[PDB]
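Chemist: build the 3D model from these lines:
(one chain, ligands or ions: 2)
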Amino acid sequence: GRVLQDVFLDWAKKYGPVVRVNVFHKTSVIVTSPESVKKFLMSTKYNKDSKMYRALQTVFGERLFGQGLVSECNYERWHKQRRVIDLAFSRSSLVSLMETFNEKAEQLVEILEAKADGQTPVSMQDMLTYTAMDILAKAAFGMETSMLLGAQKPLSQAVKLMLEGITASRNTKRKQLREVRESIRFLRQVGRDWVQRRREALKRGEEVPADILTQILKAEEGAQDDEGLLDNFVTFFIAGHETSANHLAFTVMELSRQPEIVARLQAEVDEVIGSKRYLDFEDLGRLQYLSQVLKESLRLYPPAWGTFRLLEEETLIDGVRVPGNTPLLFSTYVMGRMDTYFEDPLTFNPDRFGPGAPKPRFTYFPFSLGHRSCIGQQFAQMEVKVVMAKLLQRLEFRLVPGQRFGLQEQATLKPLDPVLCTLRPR
Ligand code: HEM
Ligand SMILES: C[C@@](O)(CS(=O)(=O)c1ccc(F)cc1)C(=O)Nc1ccc(C#N)c(C(F)(F)F)c1
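Modeler: Residues are numbered from 1 along each chain as shown. Ligands and ions are numbered 1, 2, ... in the order given. Take a look:
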């Protein structure tokens, strides 16, 4: 259960802060000094490398993320979508999402409580993925997928294959090619239909609370076809649930072998929310220790391990001449595991993020940094606190003997094993 990132870690440690590599069968330079991270990520002068993102824009010759918000590299084209889409992420937009967050988390916990007999194995990876998908579908596009309740099996199956498609396409077979193409076309069709269903409600003068769909449509205002829209549809559908689910899955997985931390987490949910059923916005800020545990989870287990920038002009980086036209790779996974940046890096220790501790300085970036940072950071941090808070209040988890703690790389990092647990009530 090692990943290509673990090899980059070995080389960063051994060959220093500037290392030429092969990723996606392409030359790049991995750059792992905090000073280089600041200089390149913190300036609008450096932009994403279209070359490295082509594997999201299209897969197996089927259009996927296209020139959506993640995969668009040109600053001006990106800046135009971002300025608009940003509105759906205001403090007030996010406050409004609390209900969706509580509703899905509650439904999750209820489903789990029904299986909490200590004998039924439950894939926490699958359940968390269904939750995150149901949350995203509702919060972003105003649709109920009810995957938690067994619905939309074809859609979840389509996301699954598509993800494996992204996995096979850039790294490594007859049916897979067909399945993946079909899955990508199904996803884009799903988006067609949900855009239509929104348009027809609007056509009949119905009222629509501003959301992500509202701003994606709005950014597509004046285009002859809606292919840009479906790009942004698939972008958010995927990016707005997969990393959250992976992050939750890693956190649950790790906590199963951290009883003392669970005890403090439990003690904390009690003090701040009690046995209350609904979490208020202001409740989130007070779950400070849960916050540290999630931060520490992202340090060791970042679903999105890093990012690429195009270095346009030959530049000196930490004493090494790097030629112009070179993709720079930045890895929060790598830096998180280097003892030069984090003491005893392999130890899961949430006190690293405790009150009074200096904040890691450009050595930790699970949502990236600068202008290309994650638009959904706060959205994500909120949903996962809501979900974990409810789990911690009501349930205890035990990993099914034989479950491993390792990682795998699909389109993101996620647990190698499905996180099979048996459940008991707290
Ligand atoms: C804990 C979960 C999350 C983490 C770890 C996370 C991680 C990241 C990272 C590292 C970036 C940079 C990608 C790159 O440079 O190529 C990114 C991009 C972004 N993610 Fe997130 N993300 C998560 C949750 C969310 C959610 C919930 C949303 C949507 C609701 C979302 C939407 C976005 C989008 C659209 C981008 C592109 C931003 C831009 O270039 O303007 N993510 N995410
Ligand atoms: C194809 C690849 O899986 C591989 S990668 O190793 O070149 C890579 C991983 C993570 C990155 F942030 C950037 C690149 C990939 O680009 N995945 C990727 C990148 C960003 C995002 C975001 N946001 C996602 C996500 F699935 F949408 F979350 C996947």
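
Chemist: which residue does this structure have closest to ligand 1?
Modeler: Closest to ligand 1 within the chain is residue 376: 2.2 Å, counting by C-beta to the nearest ligand atom. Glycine gets a C-beta too; all of them are placed from N, C-alpha and C.

Chemist: and that residue, how close does it get to residue 232?
Modeler: If you measure residue 376 against residue 232 using C-beta to C-beta, to the nearest Å, the figure is 13 Å.

Chemist: circling back to that earlier point, nearest residue to the residue of the chain closest to ligand 1 in space, please, no chain neighbours.
Modeler: Spatially, and ignoring its direct neighbours in sequence, residue 376 is nearest to residue 240 (6.0 Å; C-beta to C-beta, 6 or more residues apart in numbering).

Chemist: now swap in residue 97 and tell me
Modeler: Here the residue nearest residue 97, using C-beta to C-beta, 6+ apart, is residue 139, at 5.1 Å.

Chemist: okay, now the residue of the chain closest to ligand 1: neighbour count?
Modeler: Number of residues near residue 376 (other C-beta atoms under 10 Å) recorded here: 23.

Chemist: give me every residue that touches it.
Modeler: 89, 239-240 (C-beta atoms under 8 Å, 6 or more residues apart in numbering).

Chemist: same deal with residue 426?
Modeler: 266, 392-396.

Chemist: which among the residues you listed gets closest to ligand 2?
Modeler: For the contacts of residue 426, the nearest to ligand 2 is residue 392 (25.5 Å; C-beta to the nearest ligand atom).

Chemist: quick one: that closest one is in a strand?
Modeler: No. Judged by DSSP: H, G, I helix; E, B strand; the rest coil, residue 392 forms no part of a strand; its state is helix.

Chemist: my read: it touches residue 267, true?
Modeler: No. Counting by C-beta atoms under 8 Å, residue 392 sits too far from residue 267 to count as a contact (9.8 Å).

Chemist: looking at those two, which one has more neighbours?
Modeler: residue 392 (23 against 12).

Chemist: before we move on, the earlier item: shouldn't the residue nearest to residue 97 be in contact with residue 98?
Modeler: No. Checked against C-beta under 8 Å, the pair residue 139 and residue 98 is beyond contact range at 10.0 Å.

Chemist: these two: which is more packed in?
Modeler: Between residue 139 and residue 98, residue 139 has the larger neighbour count (other C-beta under 10 Å), namely 26 against 18.

Chemist: that one belongs to a helix?
Modeler: Yes. Per three-state DSSP, residue 139 lies within a helix segment.

Chemist: would you map the strands across the chain?
Modeler: Applying DSSP state E to the chain gives strands spanning 18-23, 26-31, 58-59, 62-63, 122-123, 306-311, 315-317, 320-322, 326-331, 395-399, 407-409, 413-415, 420-425.

Chemist: reformat the ones you listed as TSV; add distance to ligand 1.
Modeler: Converted to TSV, the strands of the chain look like this (distance: least, C-beta to the nearest ligand atom, whole Å):
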stretch	distance to ligand 1
strand 18-23	13
strand 26-31	14
strand 58-59	16
strand 62-63	17
strand 122-123	19
strand 306-311	3
strand 315-317	19
strand 320-322	19
strand 326-331	8
strand 395-399	20
strand 407-409	14
strand 413-415	10
strand 420-425	20
